């Protein structure tokens, strides 16, 4: 194992200064990463892997054999959120956060919308198979339940399907922040599910603070997505580019916001909306504390700008 470095992207989104406040290891907080699976025994990931499920071919399996990453993409995305802060490898935005790896994409990085919708359902239900065990309508942030507080989707498709949207709506109403990659086609608007009102679409910047030419336009926020070093199978590391790499930076920042807020107040923040510019919701906080690059204000390249964890968390706690 190599000695630890902090990848440039982790620095860019101002994560390291947050860690004295929280690294995301607040027990009610989990981030569900719907992707190609995870190298669950990776020395720089293993301790943060709280649940490993697969929904491939429409059957929910919790076997390690089935939830294992056969591609590498999921392991990479998870590492950017939650690689451990220690002596080796890299370090995530929220290096103590619990991860649910939900495998919805196969060995070649393709997935059916059905498997993705089943994946979202699993992130709401959690290990116990029940959304809201005590019937109080509180799901994300309820310490009695085991629902994820963030759903991270480094994937996209052109189709807008009513059932998939229904599932997105269920996650939103559970209080779960949904984050998704804007897409890699240099298109005028995000792919689905990023394009849904309830979901934070994430574009990619490079290490010069330029938007990546491939990044689909009109995102909500942007984040590091070119030359991103993270964990990769088997027990190794790799450098990749894509809106899939930007996404986990934002999910990580959300995890820090919600962890910090629960640590202080015993509740989580509401998800919020695209238009929100208050300090009263997760998305409002993300928008107002983002580094506003390009033209003043929200623009079609950067959205509201580059997320910054340090300021986000201060806005949450202030």
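Numbering follows the first chain given and starts at 1. In this text, the rigid core denotes the largest set of C-alpha atoms whose superposition between the two forms falls within 1.5 Å.
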{"item": "Between 205 to 213 and 129 to 137, larger RMS Cα displacement in 6 other deposited structures of this protein after core fit", "value": "129 to 137"}
{"item": "Outlying stretch relative to shown form, 157 to 165 versus 220 to 228 in 6 other deposited structures of this protein, C-alpha RMS (core)", "value": "157 to 165"}
{"item": "Segment of higher mean CA temperature factor, 241 to 249 or 213 to 221", "value": "213 to 221"}
{"item": "Greater mean Cα temperature factor according to the PDB record, 175 to 183 or 157 to 165", "value": "157 to 165"}
{"item": "Most elevated Cα B-factor in the entry, residues 152, 80, 208, 98", "value": "208"}
{"item": "Third of the chain, ranked by Cα B-factor, where residue 11 sits", "value": "lowest"}
{"item": "Chain thirds of CA B-factor: placement of residue 69", "value": "highest"}
{"item": "Third of the chain's Cα B-factor distribution that residue 32 belongs to, per the entry", "value": "lowest"}
{"item": "Lowest, middle or highest third - CA B-factor, residue 236", "value": "highest"}
{"item": "Chain thirds of CA B-factor: placement of residue 88", "value": "highest"}
